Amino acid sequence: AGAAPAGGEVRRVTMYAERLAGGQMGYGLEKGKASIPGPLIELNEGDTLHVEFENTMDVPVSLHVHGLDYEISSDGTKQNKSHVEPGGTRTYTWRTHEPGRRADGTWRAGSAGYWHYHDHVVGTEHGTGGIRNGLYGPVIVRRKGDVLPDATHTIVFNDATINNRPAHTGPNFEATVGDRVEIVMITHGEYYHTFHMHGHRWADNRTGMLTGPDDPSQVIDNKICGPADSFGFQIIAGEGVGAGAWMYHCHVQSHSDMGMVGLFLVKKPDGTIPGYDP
C-alpha cells in the first residue's frame, strides 16, 4: 500500500451548511451537494486547512473540530462569536503539527488521529439540534509513513441511528477480499454504544494497527463509545475468514434489535458473496 507523506501544505476548500429533506442539515464541499455524514477531510501532520464556510440556512450554524489546532476565532461557538450568521460566510482555519521533542525534553504529541467536526450552536449552545439534524463529519490526520487504505468508510452512531438513516437501512459497505479498508467511527447525541464487527478485529490504539511485536494494545472486535468519541482502524477485508456478508452493529441488544446494524459485504474476486441472499 501507499504511505502518507510529510505534511506542510496550505490547502483551502469551500464548505456549505445546507438544509436537507425531513428537517435534516448537512455539510458539503459544493453547493447543493451536502451529505450526512459530511465530507471526509484528510490532512497530513503539518498541513493547514482554510475552510471558506458559507451558511445557506436561516439559522446560525458553526463548525467545531476535534483534535486539530485552531485559534479561539475558529472554535465555532457563540461564546467567542465564531459562529456564522444566516447567509453569512467565514474562514475557519485548522492547523496540524508533527510530534517532537520540546526544548525541555518532553515529547509533544502530534495531531495525527481519527477526528471529526460538527455544529456547536444550532438548537442549543452545544449544537444539540445541529448534531441531531446531521451536521457532523469525519477528519483524518495522518502521520508521515502511516499506511494508506484502498477505501475509507465512516460510521456515525448518532442517537439511535447510523448516519441519520431510517432504522434497518444500513449503510452497507462493499469490499473485495484482501482490500485494505479503513473505518472511521464517530458517536454523537445522548447514548453510549458498543461497536462490533463480525469476522474482523483491530488494535485499540491510534491507528488501529499494532506497531510491531512490542505494542501491548488490546486487540478487540467490540468497543464502547459515547457522544463525540472518535476512533478508526484498518482491516484487511476477509483476512483469515474469507468472503461473506459480515455484520457490523451496535451490540447494545435493544439497539441492534431496533436497526443499528449494517453489512460489510466482502466479495470474492468474481464479485460474489457466498451465502448472501438479499
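Start at 1 and count along the sequence shown; that's the residue number.
Peer 1: Using only C-alpha atoms and the B-factors in the entry, which stretch averages higher, 132 to 140 or 167 to 175?
Peer 2: The stretch with the larger mean CA B-factor is 167 to 175.
Peer 1: Identify the stretch, either 179 to 187 or 100 to 108, whose C-alpha atoms have the larger mean B-factor according to the entry.
Peer 2: If you average the C-alpha B-factors of 179 to 187 and of 100 to 108, the larger mean comes out for 100 to 108.
Peer 1: Of the three thirds of its chain by CA temperature factor, lowest, middle or highest, which one includes residue 214?
Peer 2: For residue 214, the deposited C-alpha B-factor lands in the highest third.
Peer 1: Going by the recorded CA B-factors, say which third of the chain residue 123 sits in, lowest, middle or highest.
Peer 2: It falls in the bottom third of the chain.
Peer 1: Where does the C-alpha B-factor of residue 250 rank in its chain, lowest, middle or highest third?
Peer 2: Tercile = lowest for this residue's CA B-factor.
Peer 1: Determine, from the deposited record, the chain-internal third of the Cα B-factor for residue 221: lowest, middle or highest.
Peer 2: Its C-alpha B-factor belongs to the lowest third of this chain's values.
Peer 1: Thinking about Cα B factors across the chain, which third does residue 260 belong to?
Peer 2: Middle third - that is where residue 260 ends up once the chain's C-alpha B-factors are sorted.
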